[PDB]
């Protein structure tokens, strides 16, 4: 008996460092079941997609280092994916039905007995207020208002990498709780990329 801990996973911070490094373009215990607990009963022995709000193309449940803590981020993992098409002409079609069923499934998982509401990002940072992501040279900034309040269409801003069409599977989500009342308000999160990558490395350790 010795414990896993995805919230203090030094692996995450090592891979974080080197993805950052790469972005200047310009043994191991695996566990099977989980959630990053202490004891792991069954013991064996990576897309650096930069994105916010949503997780794309990953392992396919909700996890938080502390749910009582509104400041802590909620990583969400889906039992079924949702295909999202994105075009260089500047928008994203998305199945309205397929998307609506998803929110309410996440909504029952959140009730763990009260009202659940999803609202747009509180404001401030453009790469966070929008569902943003890179996609082969280009970088999309799409208003996800319609997403977080038979196709749904999302307007997109697009920048090529000048600083110094692609389809996708939606693996999961990043969420923030308004923790200040008989209502729990959830808004789209992101920013700390380490969360993207412990979303995937939850079931690993080093010893």
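Residue numbers count along the first chain shown, from 1.
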Neighbours in the displayed sequence, residue 112 and residue 113 may still hide a gap; how many deposited residues lack coordinates there, none, 1 to 3, 4 to 9, or 10 or more?
4 to 9
Segment of higher mean CA temperature factor, 122 to 130 or 103 to 111:
103 to 111
Per the PDB entry, mean CA B-factor is higher for 35 to 43 or 135 to 143, namely for 35 to 43
Going by the entry, which of 156, 164, 166, 56 has the most elevated CA B factor?
166
Highest recorded C-alpha temperature factor, please, choosing from 51, 151, 149, 69.
151
Third of the chain, ranked by Cα B-factor, where residue 195 sits
middle
Can you tell me whether residue 181 has a C-alpha B-factor in the lowest, middle or highest third compared with the other modelled residues of the same chain?
highest
